[PDB]
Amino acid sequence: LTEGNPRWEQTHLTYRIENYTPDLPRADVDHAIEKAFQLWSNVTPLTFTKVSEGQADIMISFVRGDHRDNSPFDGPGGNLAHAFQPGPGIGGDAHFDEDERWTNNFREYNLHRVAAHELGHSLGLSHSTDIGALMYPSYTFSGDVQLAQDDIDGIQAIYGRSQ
């Protein structure tokens, strides 16, 4: 028990995509989520393994409206997605608003870009004030999805560096 955010004490985590969005072909959803994990994996000693059945540290799903938690979704626009901080059960899980039009290109809203942000929460990060950072509280799409120095510093402060 220390201060700051809750973190995972395990370094090898598993994730599972519970349901898929009909907005994109299955392969593009898998790619977007795998690439998002890779970003954070590149700068820390964390590893992620995808499971098809059973429980996993990070469960991912596409839902709309009221979905059994205290923050029901709001239809197109507004809130795009949310995630829980590390911990048992629902901890680390990420929920994406299905009422949004998810994309695999530059048009709103790029799944990969939003997933990268949500997984940061799943790993224990809070928001950044840097408008160039992935953890910024609002959606921005620059044309590429990469960690800003602010994102790299924040995740390394918790789990350390890689190599």
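Just count from 1 along the sequence shown to find any residue number.
Comparing 116 to 124 with 103 to 111, the stretch with the higher mean C-alpha B-factor in the PDB entry is 103 to 111.
141 to 149 and 5 to 13 differ in mean CA B-factor, and the higher of the two is recorded for 5 to 13.
Between the residues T129, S52, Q38, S61, the entry's highest C-alpha temperature factor is the one at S52. For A56, the recorded CA B-factor ranks within the middle third of the chain. Only modelled residues enter the ranking. Ranked within its chain, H31 lands in the middle third, by CA B factor from the PDB record. Per-chain ranking of the deposited C-alpha B factor places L46 in the highest third.
Ranked against the other modelled residues of its chain, the C-alpha B-factor of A83 as given in the entry falls in the middle third.
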